[PDB]
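In my numbering, the protein residues as written are 569 to 718. For each residue, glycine too, the CB sits at the ideal point set by N, CA and C. Here's the structure we're looking at; comments come further down.
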């Protein structure tokens, strides 16, 4: 984890979750990333993304506060803990636990600088999912349905 690689223009390639309904088209956790900013050394993260809501691309910017290390807290369709578990020049993987007042959803997001992952990057992402109990069969390719403004 090189914290300096966190801010930047990122595209979301994949999302995986135990409660798949949360990430399918029309799900509250299907978020089309555009950019991540660090508020003066990343004590807080400013995340800008599109939510395809009501057949409209809605631009949203949410702020997550650092809790400990690279674990941040964010209120977004419930309470969330977002952890940066892997960050490189071209790849970023987040681990999110969302509590909607009824159930906890464990999910991951694989972001890239490009529009895809090489087999080696996908192998790593799938491995990080297994370690957390997030089913690889529940993987969704988000960039293929990202028709929101670039």
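With the cut-off set at 7 Å, would you say residue i and residue j are in Cβ contact?
i: residue 574; j: residue 610; result: yes
i: residue 585; j: residue 673; result: yes
i: residue 739; j: residue 582; result: Not covered by the structure: residue 739. The range shown for the chain is 569 to 718.
i: residue 641; j: residue 612; result: no
Classify residue i as helix, strand or coil using the three-state DSSP reduction.
i: residue 581; result: strand
i: residue 706; result: helix
i: residue 574; result: coil
i: residue 604; result: strand
i: residue 591; result: coil
Thinking just about the alpha-carbon of each residue, which of the options is nearest to the one in residue i?
i: residue 619; options: 662, 592, 664; result: 592
i: residue 664; options: 638, 569, 683; result: 638
i: residue 578; options: 629, 601, 710, 646; result: 601
i: residue 708; options: 576, 590, 570, 641; result: 590
Residue ranges of each beta strand (DSSP E) within the segment 610-666, 3 or longer:
For the segment 610-666, whole beta strand (DSSP E) runs of length 3 or above, ordered along the chain, are 612-621, 624-636, 639-643, 647-655.
What beta strand (DSSP E) runs, 3 residues minimum, are completely inside the segment 660-699?
672-680
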